[PDB]
Amino acid sequence: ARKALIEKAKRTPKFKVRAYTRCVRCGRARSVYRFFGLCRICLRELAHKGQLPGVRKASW
Amino acid sequence: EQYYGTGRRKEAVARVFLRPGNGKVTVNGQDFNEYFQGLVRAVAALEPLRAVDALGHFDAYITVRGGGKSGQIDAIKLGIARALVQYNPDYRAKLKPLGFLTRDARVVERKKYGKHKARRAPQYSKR
Amino acid sequence: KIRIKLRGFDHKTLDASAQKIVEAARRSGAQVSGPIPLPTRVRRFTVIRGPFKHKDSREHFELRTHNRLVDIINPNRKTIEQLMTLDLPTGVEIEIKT
Amino acid sequence: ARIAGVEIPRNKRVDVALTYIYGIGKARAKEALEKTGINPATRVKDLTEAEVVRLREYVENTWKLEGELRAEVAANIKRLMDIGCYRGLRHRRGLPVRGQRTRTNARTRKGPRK
Amino acid sequence: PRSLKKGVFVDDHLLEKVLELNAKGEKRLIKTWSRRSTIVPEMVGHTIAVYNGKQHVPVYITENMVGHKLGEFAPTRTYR
Amino acid sequence: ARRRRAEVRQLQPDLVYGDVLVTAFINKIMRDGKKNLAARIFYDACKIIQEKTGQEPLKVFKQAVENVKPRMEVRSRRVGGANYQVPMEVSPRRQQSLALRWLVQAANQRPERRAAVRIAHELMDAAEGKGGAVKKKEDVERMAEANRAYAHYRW
Amino acid sequence: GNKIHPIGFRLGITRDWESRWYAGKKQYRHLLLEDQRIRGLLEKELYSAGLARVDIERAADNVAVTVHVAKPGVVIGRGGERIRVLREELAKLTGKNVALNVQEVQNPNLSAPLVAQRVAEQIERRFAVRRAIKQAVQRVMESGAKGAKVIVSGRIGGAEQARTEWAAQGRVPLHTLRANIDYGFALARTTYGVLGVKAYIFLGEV
Amino acid sequence: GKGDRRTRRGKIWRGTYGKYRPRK
RNA sequence: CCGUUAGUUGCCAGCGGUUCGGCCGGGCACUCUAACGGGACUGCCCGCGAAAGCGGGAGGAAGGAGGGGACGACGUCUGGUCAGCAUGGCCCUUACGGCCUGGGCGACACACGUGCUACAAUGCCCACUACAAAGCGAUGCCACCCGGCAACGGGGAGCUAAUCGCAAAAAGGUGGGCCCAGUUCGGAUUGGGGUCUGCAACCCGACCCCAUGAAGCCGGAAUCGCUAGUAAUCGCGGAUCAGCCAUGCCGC
């Protein structure tokens, strides 16, 4: 629970140089791609549940 | 008047089509050892001809490409053979032995949890 | 002459869609133009399964797009209503052009 | 052919010649072989002065390299080493100017293991 | 000297201050911040505070060494 | 093999001599796969054969073979509170495979500046009775056996 | 300390995508984004009638929203009051309202999640948790089922020292990817902290 | 090698064309 | 491994036009492709056998559980899990909490870890030659021509995305340079030019070009990976991404 930093959206790039990526679910700005905008986890886990449209497990 | 033989495997497609003619081979363009540049690979797409002899009475046209030289060459070979199937659909004691049967099933499978070479786990060190 | 694209997720949504549209618009267009598939496109993704340090717990899955390009010849009026208001699936969308 | 640092080119073309001189070789042999005008195929063993002088001459004012390479290298490196710059900073000790990281791995400049 | 670059570019961040202020002369160190610059012209012979990471050391620039990527004129580590 | 032979996989003969020996050997020349340059040197070397030496490549390959292929040698046994050096009839299979490799390698040893040159050099010398490969052979051989008394131990 | 996710086990088999819809590049993301704002403020306000699942569907610009419970009463509200502040309030999170789709089930014995929330809350109230899973399971499979395999983890309703406990009746091959089963876990209120629960009812399959 | 950077191997790896491979 | 459905991709297996690139028409079967079911149940012939089943053979797309994926049961380890999220309790607060200017986690006498490239001629150097692949590209991949020693800078066309932007796949092929030195190897580090995301890029970036070109001519006691399309080797793309130290991870 890192509340004080939920500023990620006020954007104020104030020099593009600062506005930064993030995981909409479990925050974590670490690995936060796009189309998902999640922490590999908030991500992969809720996906696991599946209430995350179509996308389906891999096999081959 | 016409005998088709398809040969493909490991992402290389060599569609061989033969019809009464002589000994020319259009590799989706040029000819045999023309396309198989100094390739001992040449001889690969003709063994199915050696099968029941004669490499000069039939016109050879092929639609071959994909993966690359070899794969496509051989594919070409197995294909020609199938053309032989069409022509003399009673050639067991020749088309099976130095014969053929299916693609091959052996393509650089997959890397997973690392180790690339699907076996090549990072080597150890000195403890 | 009409072109169409039903890009879908489910491999039954594109089915209900192309099916209703090619068979029902089979009393209207030029009888349609067969739901030409398209090499269903694939997008893979992998991720660490064991939260935090574990360059090995991961694994993967994927999201993709199956494509059905139905199509109907002979803009024979009637067709517009053997599909345009006689549809039934849910996991795709009605893409129409010409 | 005796040029600058007597960089005589043996059974090698012109390009393969200069490359044997101070700050020469790759990329350097190409420019030299072009001016002097000679078949890079030449093995280098008969460069007639009549033609050598041409490339040998122009290869003085605008080329050095030779007893001059240090100039632009010694003079240009003396400035940054005299000002609070940075280009010379990496060299202000014995690490790698180009990069690199320091701390670990950098004997290339520091010297030998210790 | 020093041009080379022209005008004495300074990534605006340091250029704006460099200019006009260059009017009433100096006063020295104007604790610079976006050293991403490629110092240039007029920047010849002055003092500014180069953020070495946690300090604002005072740097004085000179002729032949002026115009170059600001950063590398103020160290940032400490070994041996 | 946890219990079963795990067979000796068979190779399709030469693509220039319809021969198994060829193929195996070229693989031995080979590297990084390069079936190409592999068979290549194989050949140019063959050129040495026909040219530098009237006599045929078939006969030279074969003779070199008969020369380098081992016979009787040793390994030891840790059977009775000890491992003694005992010799045995160096099985054909291997005899081949490795007198084979061997050759290829000693060949590598050879001078010249060209690979086909090496292949030639040795292959010939071998076929004859003169060289690094097969000589090294004799060595492993007679060498092995010194531990004669031990031999009767059976491998 | 592993074993794959009882739903991933399901995917293209038994049970699928509750939130059923598509989209594609540059938009699916946020699409679902609002979806969670949904399910969240959702289950949030109405965990009330002990909901149980939410399938927000999209075959077009609307947002289906068939949530499920087995508590119809307080669900629609004496007459239909409930479904009102509900479906209305809806717009508040991204407009494109939806018909408040109420789905009630037939028997909370087939409902593993629900029963879990259950014996769980129980443990809240504070009591014989081993008993709890023993019987909870008992009946949960009992009133028809092909097996009730249950487990509880963390802080064993006591002991400064945490622990695990479990029990089951019948069959529950969670393995056999194709097992068609119902899986659930419950939070763990007790001032012990987080002491999670899980239970899985085997839903035949043959 | 791939670090020869300048010529062949060099750009081969760099993934760079330029003074050793037109953009095609 | 085979027939079932269907053909803007792919056929011509049969032409006709051919602008002869499959450009146009035309043919849906063949290669293509999503989809469907059938296909060794040790079932049959020969061995063995009370049996299971292994062993021989044909049939063929193939068994001997086809090669490859996902599935890791009971516990161990009180393993890992402070800052992934969740959490019981604890401490905390004009501050162990907020924002901003710089440094810094990339400091080095040193050791160990994982990879890069290297000593080369079964190679390097140059020119010309011959073919995937699973992915990727909208305010994005970026067409050819103009600025181009070079990084790149411009015009600028396309798609709207199995037809359009990424892409030049390399080793392979043919001749040509070199004939075995520290060499054309090697490309450190310091020799030069530029490209670029970004303000700014000292510290704390990627790149092209200028000069310089070190160690090394397969590496001690020792220690590693790998049953066959695999080992090795050569390449293409991928998320993080206005630039990126990605030689790392992933897929082919």
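Readers should treat all values here as calculations from the given coordinates under stated rules, not as data from a laboratory. FYI the Cβ positions are ideal-geometry reconstructions off the backbone, even for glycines, and counts take in every protein chain you see.
In this rough spin-label picture, where each label sits 7 Å from Cα along the Cβ direction, the G:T191-E:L4 distance is 7.2 nm.
The modelled label-to-label distance between F:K135 and G:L177, using points 7 Å beyond Cα along the C-beta direction, is 6.2 nm. When the charge dipole of chain A is built from unit charges on Cβ atoms (+1 for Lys and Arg, -1 for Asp and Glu) and taken about the Cα centre, the candidate among A:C42, A:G54, A:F15 whose Cα reaches farthest toward its positive end is A:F15. As a calculated quantity, the FRET efficiency between G:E124 and G:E45 at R0 = 22 Å, using C-beta atoms, amounts to about 0.65. Taking a straight Cα-Cα cut-off under 19 Å and skipping sequence neighbours fewer than 8 places away in the same chain, the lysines within cross-link reach of F:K47 are F:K28, F:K35, F:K59, F:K62.
For chain D, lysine pairs separated by 8 or more sequence positions, or belonging to different chains, with Cα-Cα distances below 16 Å total 7. Between C:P35, C:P75, C:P51, find the one with the highest GNM mean-square fluctuation for chain C; connect C-alpha pairs within less than 10 Å. Answer for the Gaussian network model of chain C: C:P51. The DSSP beta bridges internal to chain B are antiparallel in roughly 75% of cases. Consider a paramagnetic label point 7 Å from the Cα of G:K71 along Cα→Cβ; state which residues of segment G:100-143 have an amide N under 16 Å from it. G:102-109, G:111-125, by backbone N distance to the label point. The count of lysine pairs in segment B:10-127 with alpha-carbon distances below 20 Å, taking only pairs 8 or more places apart or on different chains, stands at 11. Summary of the geometry: segment G:29-93 and segment D:73-107, compared by the centres of their Cα atoms, lie 65 Å apart.
For segment G:134-168, which trypsin sites (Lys or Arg not before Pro) are both in a DSSP coil and crowded by at most 15 other Cβ atoms within 10 Å? Filter output for segment G:134-168: G:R163.
Under 8 Å for C-alpha pairs, at least 6 residues apart: give me the relative contact order for segment B:9-127, rounded to a whole percent. It would help to have the intermediate numbers written out before the result.
On the way: 185 pairs, mean separation 39.6, N = 119.
Over segment B:9-127, the number comes to 33 percent.
With a Förster radius of 25 Å applied to the C-beta separation of E:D11 and A:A4, the computed FRET efficiency comes to 0.20. For the pair segment A:13-40 and segment C:42-70, the centres of their Cα atoms are 19 angstrom apart.
Just to confirm the filter: which chymotrypsin sites (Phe, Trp or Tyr not before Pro) across segment G:1-91 are DSSP coil and have at most 12 other Cβ within 10 angstrom of their Cβ?
Numbers: sites: G:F9, G:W17, G:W21, G:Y22, G:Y28, G:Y47; in loops: G:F9, G:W17, G:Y22, G:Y47.
Sites meeting the loop and neighbour criteria: G:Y47.
As a calculated quantity, the FRET efficiency between C:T98 and C:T46 at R0 = 35 Å, using C-beta atoms, amounts to about 0.25.
Would you please name the GluC sites (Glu not before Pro) within segment F:58-107 that are DSSP coil residues with at most 12 other C-beta atoms within 10 Å of their C-beta? Intermediate values should be presented prior to the final figure.
Working: sites: F:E66, F:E73, F:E89; in loops: none.
Passing both the DSSP loop test and the Cβ count: no residue.
Put the Cα centre of segment E:26-63 next to the Cα centre of segment F:64-82 and the gap is 78 Å. Counting only DSSP beta bridges with both residues in segment G:16-106, the antiparallel share comes to about 40 percent.
Backbone amide hydrogens, once placed in the peptide plane, bring C:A30 within less than 5 Å of C:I73, excluding anything fewer than 5 places away on its chain. Springs between Cα atoms under 10 Å define the GNM used for chain F, and in it the highest mean-square fluctuation of F:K62, F:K28, F:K137 occurs at F:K62. Report the residue, chosen from F:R113, F:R71, F:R94, that carries the largest GNM mean-square fluctuation when chain F is represented by alpha-carbon nodes joined by springs under 10 Å. For chain F, modelled as a Gaussian network with Cα springs under 10 Å, the answer is F:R113. Per-residue ellipticity at 222 nm, computed for the protein assembly as shown from helices alone with -39500 (n - 2.57) per DSSP H run of at least four residues, works out to -8000 deg cm²/dmol. Annotation: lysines with alpha-carbon distance below 28 angstrom to G:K198 (same-chain offsets under eight excluded): A:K49, A:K57, C:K53, G:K3, G:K44, G:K71, G:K134, G:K146, G:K149. If the reach is capped at under 18 angstrom between alpha carbons, list the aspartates and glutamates near C:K20, excluding any in the same chain fewer than eight residues apart. The reachable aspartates and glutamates, counting only those whose Cα sits under 18 Å from C:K20, are C:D10, C:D71, C:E81, C:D87, C:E93, C:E95. Taking a point 7 Å from the Cα of D:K78 along the Cα-to-Cβ direction, the residues of segment E:64-78 with backbone N closer than 18 Å to it are E:64-66.
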